[PDB]
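Trainee: Here's my sequence, what's the structure:
(chains A and B)
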Amino acid sequence: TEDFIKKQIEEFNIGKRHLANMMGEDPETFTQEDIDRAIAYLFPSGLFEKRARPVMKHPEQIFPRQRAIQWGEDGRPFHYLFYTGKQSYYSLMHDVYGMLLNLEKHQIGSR
Amino acid sequence: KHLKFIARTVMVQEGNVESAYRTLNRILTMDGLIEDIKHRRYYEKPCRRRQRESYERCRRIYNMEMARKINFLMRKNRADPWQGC
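Mentor: Numbers count the residues shown, from 1 in each chain, chains lettered A, B, ... in the order given. Below, you will see the structure:
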């Protein structure tokens, strides 16, 4: 849930400060890349898969968005097309339809 | 006892006997004479004739209805006017 994600955000920030202190790097200027380097050094792992190795990232990157429940505390879904089951897909379809209507009213490099 | 050459006679046009014969055979088929000849080569018992005629009428009506339905619904084949939805 959103509160859980916020708690993970705080925990990750605190762990980032711990890592910055451990490596002696200025926590204020301590970046994600620096965190990456330090964690790699501190937890030497020899797995071939980049996914099977340890990780300490922001919760945003870490967790799967898992579609974010889609209904707030009240229980009202956020997306008006929510009950379709493919809310983002149908939102994009609706947007493209609107753009096509607008264009209709007015009037070897890629793939 | 009728006059000769007045019945089922077609004058060949410019000697295209092939075309004239094709026209004559078309005439015979349209009037059903070929049907009669090839059916009368043997005797169809009255029960079989009744069954065959009923089947032919049913198939004719079914085909007419199917063709009418297909023609009626063909107009909807036009490209989708609301594509993307």
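Trainee: how much space is there between the residue nearest the centre of chain B and residue A:48?
Mentor: Within chain B, the residue whose C-alpha comes closest to the C-alpha centroid is residue B:30; the distance, by C-alpha atoms, centre = their mean, is 6.7 Å. Using C-beta to C-beta, to the nearest Å, one obtains 82 Å as the distance from residue B:30 to residue A:48. (Each C-beta comes from the backbone N, C-alpha and C, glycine too.)
Trainee: next one: residue B:10
Mentor: Between residue B:10 and residue A:48 the distance is 89 Å, computed by C-beta to C-beta.
Trainee: And these two? Which one has more around it.
Mentor: Relative neighbour count places residue B:10 above the other of residue B:10 and residue A:48, with 15 against 6, counting by other C-beta atoms under 10 Å in any protein chain shown.
Trainee: Give me the nearest residue to the more buried one, chain neighbours excluded.
Mentor: residue B:24 (4.7 Å; C-beta to C-beta, 6 or more residues apart in numbering or on different chains).
Trainee: Please report phi then psi for the one you found.
Mentor: When quoted as degrees, to the nearest 10, the phi and psi of residue B:24 stand at phi -60, psi -40.
Trainee: thinking it is in contact with residue B:7, fair?
Mentor: No: Residue B:24 is beyond contact range of residue B:7, at 11.4 Å (criterion: C-beta atoms under 8 Å).
Trainee: Compare those two (neighbour count), which wins?
Mentor: A count of neighbours by other C-beta under 10 Å puts residue B:24 above the other of residue B:24 and residue B:7, at 14 against 7.
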